[PDB]
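> Before anything else, here's the structure in question.
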Amino acid sequence: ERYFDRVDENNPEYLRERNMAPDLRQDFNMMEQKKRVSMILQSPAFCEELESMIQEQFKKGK
Amino acid sequence: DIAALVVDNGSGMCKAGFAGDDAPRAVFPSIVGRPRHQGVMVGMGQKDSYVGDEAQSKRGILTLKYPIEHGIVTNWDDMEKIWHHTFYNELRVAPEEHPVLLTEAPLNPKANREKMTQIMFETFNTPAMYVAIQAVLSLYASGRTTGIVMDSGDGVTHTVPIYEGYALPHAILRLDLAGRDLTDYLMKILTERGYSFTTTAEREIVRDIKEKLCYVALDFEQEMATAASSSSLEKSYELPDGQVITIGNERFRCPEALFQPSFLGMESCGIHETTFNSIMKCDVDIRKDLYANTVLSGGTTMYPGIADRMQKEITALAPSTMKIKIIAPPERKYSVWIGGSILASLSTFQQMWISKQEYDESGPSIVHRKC
Amino acid sequence: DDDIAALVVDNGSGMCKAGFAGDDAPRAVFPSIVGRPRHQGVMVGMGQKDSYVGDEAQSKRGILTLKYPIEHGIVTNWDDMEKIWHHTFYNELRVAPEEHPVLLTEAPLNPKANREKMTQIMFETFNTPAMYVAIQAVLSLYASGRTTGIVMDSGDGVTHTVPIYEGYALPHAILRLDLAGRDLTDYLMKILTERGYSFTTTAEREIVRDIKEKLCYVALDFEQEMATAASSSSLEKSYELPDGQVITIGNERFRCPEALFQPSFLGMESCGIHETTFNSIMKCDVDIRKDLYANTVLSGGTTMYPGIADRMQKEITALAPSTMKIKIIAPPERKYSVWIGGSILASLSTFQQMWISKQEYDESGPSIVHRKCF
Amino acid sequence: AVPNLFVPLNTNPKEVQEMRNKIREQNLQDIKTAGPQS
Amino acid sequence: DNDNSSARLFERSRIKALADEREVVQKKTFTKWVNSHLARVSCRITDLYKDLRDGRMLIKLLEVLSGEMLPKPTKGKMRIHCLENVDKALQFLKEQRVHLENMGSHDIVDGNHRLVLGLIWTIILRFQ
Ligand SMILES: Nc1ncnc2c1ncn2[C@@H]1O[C@H](COP(=O)(O)OP(=O)(O)O)[C@@H](O)[C@H]1O
Ligand SMILES: Nc1ncnc2c1ncn2[C@@H]1O[C@H](COP(=O)(O)OP(=O)(O)O)[C@@H](O)[C@H]1O
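Chains as they are written, first to last, in the deposited numbering: chain 9, 22 to 83; chain K, 4 to 374; chain I, 2 to 375; chain 1, 484 to 521; chain S, 31 to 158.
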């Protein structure tokens, strides 16, 4: 009995599994396979450049 | 651990997610549906209006309308409904506890930013909210600080060049040629095959057809000759009612309106010519980098063969000594949100947030002071 | 409120059913006929009875002429309808009409004067505190228990198809056909002539109806069954008349209900019931059709022929595209289904808001029924 | 307009199914009850 | 034939059972109500269906309830005199403008349960 093992209405964040489009099913898996947001933050050389660029663009204007 | 929220809005798609996450938590169309048929069944579930993913399920009994067209909102109440559904039903988080990050088109009227800020502080009691440019965030998601970016959504197409983290306001080019107009053109050219689609649900069906069975031709006349002289370029779509249609010749005809707007009769030039003109408006010294870094963004640029045709059309107008290359990330649909998820995560960005208390003495114009 | 239960009255052309809300089965089921004597009355002291109504009108049908107050779902004679309602309320249920509200059913596409006169009669004479009028095919979906589906209701007076998706009914896709078991009884009475049997009086029509209810079925293939009936005598069956005579129906058994699928046997230009259901499906929007294909619901006493569901499924499958899955839902209790739905509708706590009060009728005349109900 | 004129809005669909199931259950138990006393 | 058998099962079990329970309860209650008023004179009925056939007790009950003098019953023990005695009570009810529908003397004499119960119920609705 898999059907007794779990219930669709017990967990809403398991209920999200049923109502997915197939291309939406790939987009999440591929995008957390890539981990781009983790890559940008973990890599320093681009990171402090972005840091200081935002800070000193605030410094003179906007 | 209070974390910021990134909410990306575009005409036809709303995404939302916590800052610092790889994936947005919620993705759903920006649709509002109201019942059209006489509802007679006492005691069962009826509602005044359906919104989001639930509204798309019941397309048969609903009239579906979009609150945003061409990047400009038409009815603010529907926008409030979508924002409330995003904050409460999708993420189940209080809007007044976490800061929220918002995006918009670069060129837009004055009143949009002010009304958006007023609604976001007054209705939801957001402690801090910031407005950012979509295409700039897409370039940050690509991870280069320089280059010219092309973001083409379902509302409007725009190319902006960014050099050293600054987007030049004079060189920004905007063209009102989007995917919804392509859907209308595809419906008009499917009329002549014998299949007729008129209602809004049939427009969504035509949009799904366009997403599944469209591609960009490398040579337009040669592909017309091949499609006229043979039946190889024919695919069959299977309708939700069981009917089967043959898309046939039209597959490369609908996206080609992106390059030649004379099919739609628009006065403006093609998208590649728009990108070339935007590059021409910049200074000479940076033009090399503008020809060296070009990324594609938006769901409209997911047609197969868009990169090769774009590169060829840019190389045709470019000088012979210039080197042309086109960068197309596979996740170009959700690049903008990813950039937002970068921008809220920085340690220098906490001072960039708009203060709730400062808005009290400033007012709705405060964003024009700070952004 | 808790102990008081509104009366549920299903009022078709053939038979009338009545009971209390919250009950699984109706208390009183009896035919809707009004009979009057025609012969001499010579025995003095037997008493005078002007009219016979209901089941005991059937028992003494030998010396009576029988009239149907409802023809094609329309109340042609209203005095006989008052007789039937009085016999239902007092003799059958033994309830005072002032105590409980009344729930009534009717056909989808009917003249407005029928509804107005129903409201006027149930307020002015029986003096009811509240009353509601509903559609039978909508109540069939309540009895089925599903939100979406297409209901084909075939009674003694009229057949009609309504589609409902997610509790929303489409008025433009509702179809009405004047082809029911009444015309089938007339057709059987016509085709029994060629075997030598003649039934002409109104009393013999009930015998023909009993013969139809006992010895009729729907062939899955018409031409093959006709060839089988011509080749052999295994299809023949025997029936016994009330006077002891024996008749043999033989070939006619699958020819009487076949007029439902081919109306050209009756001279009608209309389409069959399967084509009517298919056309009602394709009159709806594109998206819901799949769901309307999966939840076809049969109802009414006319759909009690053996083998009706298999033939209907085969015809719909032949008409529909092959990639869709076609199933026909026919409960064994499909004769009473409408009434059950009425009880389910009558016992809801929400529906207590939707009753038509007597004060509203006093303010608005008999025209209040169109603004409420459906 | 007025598409929802004949029905009230914001009603739980579960209650109708529960009461239909109760009427269904009455048949299985087949408890015999008299009519309401006048 | 299987679904036909199931339908016959349903309309043999539930429709019969509910109606029989209701009519048994109504029979007991009507018997008590008639016995209360009929005890003023020295009269008592054990069965509602059987003792009301001859038509004498109906005349006695109507005489007790109404308060005036009905015509005395026809002196006989046949079926015709029985019909006459029931018809006298029915005609006296036709005086009081009480509305009776599908009610005849032979229906009471033969002993149809539903029509006798309806007659008693109509009398109760009038004379209470
Ligand atoms: N897989 C796909 N292939 C081709 N076109 C697509 C695909 N997915 C979406 N589109 C087109 O892109 C549009 C959605 O663009 P989107 O990225 O949502 O714009 P925005 O987010 O700026 O509103 C749709 O109208 C559709 O026509
Ligand atoms: N067991 C049966 N088999 C076949 N046909 C039947 C059966 N019972 C009834 N019918 C047909 O149905 C008719 C009665 O239908 P009914 O359910 O009374 O309709 P309504 O209640 O809507 O008036 C009869 O005239 C007869 O033609």
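Ideal placement from N, C-alpha and C gives every residue a C-beta, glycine not left out.
#1: Does the beta-carbon distance from residue 371 (chain I) to residue 313 (chain I) come in below 7 Å?
#2: Rounded to whole angstroms, what is the Cα-Cα separation between residue 376 (chain K) and residue 65 (chain 9)?
#3: Does residue 87 (chain I) get closer than 7 Å to chain S when you measure Cβ to Cβ?
#4: Near residue 118 (chain I), what residues of its chain come up, given a Cβ to Cβ distance below 8 Å and the 5 sequence neighbours on each side ignored?
#5: By alpha-carbon positions, which one of 500 (chain 1), 511 (chain 1), 484 (chain 1), 517 (chain 1) ends up nearest to residue 348 (chain I)?
#6: Below 7 Å CB to CB, which residues in the same chain sit around residue 109 (chain I) once its five sequence neighbours on both sides are set aside?
#7: Can you tell me whether residue 48 (chain S) is helix, strand or coil according to DSSP?
#8: Quick one, are the C-beta atoms of residue 72 (chain 9) and residue 351 (chain K) less than 7 Å apart?
#9: Would the beta-carbon of residue 82 (chain I) be found less than 6 Å away from any heavy atom of ligand 2?
#10: Compute the minimum distance between the beta carbon of residue 106 (chain I) and the heavy atoms of ligand 2, and state whether it is under 6 Å.
#11: Please find out if some non-hydrogen atom of ligand 3 comes closer than 6 Å to the beta-carbon of residue 55 (chain I).
#12: List in chain order: all unbroken beta strand (DSSP E) runs of 3+ residues lying wholly within the region 256 to 289 of chain K.
#13: Span of the beta strand (DSSP E) holding residue 161 (chain I)?
#14: What is the DSSP secondary structure of residue 252 (chain K), reduced to helix, strand or coil?
#15: Among all the DSSP beta bridges, which residues are the ones paired with residue 18 (chain K)?
#16: Pull up the distance between the alpha-carbon of residue 226 (chain K) and that of residue 257 (chain K), whole angstroms please.
#17: If you check the beta carbons only, do residue 190 (chain I) and residue 209 (chain I) fall under 7 Å apart?
#18: Using a beta-carbon distance cut-off of less than 9 Å, what residues from the region 41 to 52 of chain S approach chain 1?
#19: Three or more C-beta pairs closer than 8 Å, one from the region 189 to 207 of chain I and one from the region 119 to 134 of chain I: is that the case here?
#20: If I'm right that residue 68 (chain I) touches residue 56 (chain I) with Cβ under 8 Å, what's the distance once you round it to whole angstroms?
#21: Have a look at residue 28 (chain K) and residue 344 (chain K) and give me their C-alpha separation to the nearest angstrom.
#22: Given that a residue counts as buried once 16 or more other Cβ atoms are within 10 Å of its Cβ, and exposed if not, what is residue 62 (chain K)?
#23: Can you give me, in chain order, the residues of the region 18 to 39 of chain K that have a beta carbon less than 8 Å from any beta carbon in chain 9?
#24: To be precise: take each residue of the region 50 to 71 of chain S, compare its Cβ to all Cβ atoms of chain 1, and keep it if any distance is under 7 Å. Which residues remain?
#25: Quick one: does the C-beta of residue 182 (chain K) sit closer than 6 Å to a heavy atom of ligand 1?
#26: Could you give the uninterrupted runs of the beta strand (DSSP E) lying entirely in the region 121 to 200 of chain I, keeping only those of 3 residues or more?
#27: Can you pull out the residues from the region 284 to 318 of chain I whose beta carbon lies closer than 9 Å to at least one beta carbon of chain K?
#28: Tell me, which residues are paired with residue 345 (chain I) by DSSP?
#29: Can you confirm whether residue 515 (chain 1), when its beta carbon is compared against all beta carbons of chain S, has any partner nearer than 7 Å?
#30: Is the Cβ-Cβ distance between residue 42 (chain K) and residue 485 (chain 1) less than 7 Å?
#31: Give me the chain I residues within the contact set of residue 45 (chain K), using Cβ-Cβ distance strictly less than 8 Å, ordered along the chain.
#32: My output table needs one value for residue 89 (chain K): the three-state DSSP class, helix, strand or coil.
#33: Could you tell me the boundaries of the beta strand (DSSP E) in which residue 109 (chain K) lies?
#34: How is residue 38 (chain K) classed by DSSP in three states: helix, strand or coil?
#35: When Cβ atoms are compared, which residues of the region 57 to 74 of chain K fall closer than 8 Å to chain 1?
#36: Less than 6 Å between the CB of residue 305 (chain K) and some heavy atom of ligand 1, yes or no?
The answer reads as follows:
#1: Here residue 371 (chain I) refers to the residue found at position 370 when the third sequence is read from its first residue. Here residue 313 (chain I) refers to the residue found at position 312 when the third sequence is read from its first residue. No. Outside cutoff.
#2: Chain K is shown only over 4 to 374; residue 376 (chain K) falls outside these bounds and no answer can be derived.
#3: One-based indexing of the third sequence puts residue 87 (chain I) at position 86. Interface residue, yes.
#4: For the purposes of this step, residue 118 (chain I) is taken as residue 117 along the third sequence, with counting starting at 1. Taken in chain order, the residues that qualify are 76, 79, 367.
#5: Working through the third sequence from its first residue, we reach residue 348 (chain I) at position 347. Taking only the C-alpha atoms, the option nearest residue 348 (chain I) is 500 (chain 1).
#6: Here residue 109 (chain I) corresponds to residue number 108 of the third sequence, with the count starting at 1. Counting only Cβ-Cβ distances below 7 Å, and skipping sequence neighbours, we find 136, 138, 161, 163, 175, 177.
#7: By one-based count along the fifth sequence, residue 48 (chain S) stands at place 18. Residue state, collapsed to three classes: helix.
#8: Start at 1 with the first residue of the first sequence, and residue 72 (chain 9) comes out as number 51. Start at 1 with the first residue of the second sequence, and residue 351 (chain K) comes out as number 348. Yes, the pair counts as a contact, with Cβ atoms nearer than the cut-off.
#9: Numbered from 1 along the third sequence, position 81 holds the residue referred to as residue 82 (chain I). Residue 82 (chain I) Cβ: outside cutoff for every heavy atom of ligand 2.
#10: Position 105 of the third sequence, counted from the first residue, corresponds to residue 106 (chain I). It does not: the Cβ of residue 106 (chain I) is nowhere closer than 6 Å to a heavy atom of ligand 2.
#11: With respect to small molecules bound, the structure shown includes ligand 1 and ligand 2 and not ligand 3.
#12: none
#13: For this step, residue 161 (chain I) is matched to residue 160 along the third sequence. Counting along the chain, the unbroken beta strand (DSSP E) around residue 161 (chain I) starts and ends at 160 to 166.
#14: The sequence position of residue 252 (chain K) within the second sequence is 249, counting from 1. Helix at residue 252 (chain K).
#15: For the purposes of this step, residue 18 (chain K) is taken as residue 15 along the second sequence, with counting starting at 1. Looking at the DSSP assignment, residue 18 (chain K) forms a beta bridge with 11 (chain K), 30 (chain K).
#16: By one-based count along the second sequence, residue 226 (chain K) stands at place 223. By one-based count along the second sequence, residue 257 (chain K) stands at place 254. Distance between the alpha carbons of residue 226 (chain K) and residue 257 (chain K) is about 13 Å.
#17: Within the third sequence, numbered from 1, the residue matching residue 190 (chain I) stands at position 189. Within the third sequence, numbered from 1, the residue matching residue 209 (chain I) stands at position 208. Yes, Cβ-Cβ distance for residue 190 (chain I) and residue 209 (chain I) is below 7 Å.
#18: Going along the region 41 to 52 of chain S in chain order, one finds 43, 44, 47, 48, 50, 51, 52 with a Cβ nearer than 9 Å to chain 1.
#19: no
#20: Stepping through the third sequence from its first residue, residue 68 (chain I) is reached at position 67. Stepping through the third sequence from its first residue, residue 56 (chain I) is reached at position 55. With a Cβ gap of about 16 Å, residue 68 (chain I) and residue 56 (chain I) do not count as contacting.
#21: Mapped onto the second sequence, residue 28 (chain K) falls at position 25. Mapped onto the second sequence, residue 344 (chain K) falls at position 341. Those two C-alpha atoms are separated by around 12 Å.
#22: Taking the second sequence and counting its residues from 1, one reaches residue 62 (chain K) at position 59. Buried: at least 16 other Cβ atoms inside 10 Å.
#23: 23, 24, 25, 26, 30
#24: 51, 52, 55
#25: Indexing the second sequence from 1 puts residue 182 (chain K) at position 179. Yes, the Cβ of residue 182 (chain K) comes within 6 Å of a heavy atom of ligand 1.
#26: If we require 3 residues or more, the beta strand (DSSP E) runs fully inside the region 121 to 200 of chain I come out as 131 to 136, 150 to 155, 160 to 166, 176 to 178.
#27: 285, 286, 287, 288, 289, 290, 291, 292, 294
#28: Taking the third sequence and counting its residues from 1, the one referred to as residue 345 (chain I) is at position 344. Partner(s): none; residue 345 (chain I) has no beta bridge.
#29: Along the fourth sequence, read from residue 1 onward, the residue named residue 515 (chain 1) stands at position 32. True, the Cβ-Cβ gap to chain S drops below 7 Å.
#30: In the second sequence, counting from the first residue as 1, residue 42 (chain K) sits at position 39. In the fourth sequence, counting from the first residue as 1, residue 485 (chain 1) sits at position 2. No, they are not a contact pair.
#31: As a position in the second sequence, residue 45 (chain K) is number 42, starting the count at 1. 346, 349, 351, 352, 355, listed in chain order.
#32: Numbered from its first residue, the second sequence carries residue 89 (chain K) at position 86. Helix at residue 89 (chain K).
#33: Mapped onto the second sequence, residue 109 (chain K) falls at position 106. Where residue 109 (chain K) is concerned, there is no enclosing beta strand (DSSP E), given that its DSSP letter is neither H nor E.
#34: As a working note, residue 38 (chain K) is residue 35 in the second sequence. DSSP places residue 38 (chain K) in strand when its eight states are reduced to three.
#35: Contact residues of the region 57 to 74 of chain K toward chain 1 are absent (C-beta to C-beta distance below 8 Å).
#36: Counting from 1 along the second sequence, the entry for residue 305 (chain K) is found at position 302. Yes, the Cβ of residue 305 (chain K) comes within 6 Å of a heavy atom of ligand 1.
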